[PDB]
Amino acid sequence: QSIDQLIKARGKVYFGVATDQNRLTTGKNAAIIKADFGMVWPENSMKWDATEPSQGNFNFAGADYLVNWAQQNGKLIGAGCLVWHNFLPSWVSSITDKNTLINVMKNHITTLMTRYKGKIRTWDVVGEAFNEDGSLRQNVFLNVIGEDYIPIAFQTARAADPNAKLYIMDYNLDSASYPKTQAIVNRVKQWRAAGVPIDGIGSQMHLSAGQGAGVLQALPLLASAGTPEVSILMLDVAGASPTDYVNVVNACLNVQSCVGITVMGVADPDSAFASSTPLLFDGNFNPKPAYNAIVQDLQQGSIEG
């Protein structure tokens, strides 16, 4: 059974997966994605160091392949991350002039979003902007531009493609009592109050065993920022326990504004954390216990009021 179909039947938008051209042309990835997933994200091909490796020199072959494959196969597309300290070329992080960095950031945003205008459901505009203690991360953007870089990025994105849902994403938002979780909620509330167009918070859920249960409290806390959407991104779970995975899925189901879940890949050998066997399919492309547990969970209705 298809977990995407099953989650749609429970009123959600999608169950998605990260992929790219290499995956689609090897293994059984394309067959599994066609059958079982409803949204794709580029694993690597939309990163800044993939797409703009030197100034104004855009590389779109990989991203184009994924977007076209998704279109041809009737899948939604998410993409990102546009402004991120990760995977950022040294030509960017060496800029010291404020107006230059502002325009470099804006052109990166606008060029990527314009190319795919109208085709992308969700853009992750700003990623990993917070320190663990909840203060803003001192990346090049914060150091050179200051905290206005976040509002500027979102407004620029809204202008470039008003159809897209614009997200901020971060990791270690998996515990309701952790400082980072409350801090992103607080900052997003105040950005939105000031007119900054943040449509979603995406929680990047690279989990260790046993962390699924806590998401049942963290995800509702994230939703309390009042964004129209929240989502689960980059999901994998060390050990791939059915209990962890079912708890994450149920957190999504419990949170009205949660639109869906994206897993970080299809099969274990293709994970960056392969030795932790953290995905839903094994090295034979058979569904693992966790996949089947999710299927059982989604088939079984809850008693609603």
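Heads up: residue numbers just count along the shown sequence, starting at 1.
> Higher mean Cα B-factor in the deposited model: 20-28 or 5-13?
Comparing 20-28 with 5-13, the higher average CA B-factor belongs to 5-13.
> Comparing average C-alpha B factors as deposited, tell me which of 113-121 and 87-95 sits higher.
For C-alpha atoms only, the mean B-factor is higher in 87-95.
> Please work out which residue in 77, 145, 207, 230 has the highest C-alpha B-factor recorded for this crystal structure.
That would be 145, according to the entry.
> Whose CA atom has the top B-factor in the entry, of 254, 271, 262, 68?
In the PDB entry, the greatest C-alpha B-factor among 254, 271, 262, 68 is found at 254.
> Using the B-factor values recorded in the entry, state whether the Cα atom of residue 72 falls in the lowest, middle or highest third among the modelled residues of its chain.
Lowest third - that is where residue 72 ends up once the chain's C-alpha B-factors are sorted.
> If you rank the chain by CA B-factor, which third does residue 57 end up in: lowest, middle or highest?
Ranked within chain, residue 57 CA B lands in the middle tercile.
> Check where residue 281 lands among this chain's C-alpha B-factors and tell me if it's the lowest, middle or highest third.
CA B-factor rank for residue 281: lowest third.
> Should residue 203 be placed in the lowest, middle or highest third of its chain by the C-alpha B factor in the entry?
Ranked within chain, residue 203 CA B lands in the lowest tercile.
> Consider only the C-alpha atoms of the modelled residues in this chain, order them by B-factor as the entry records it, and name the third containing residue 51: lowest, middle or highest.
Bottom third by C-alpha B-factor.
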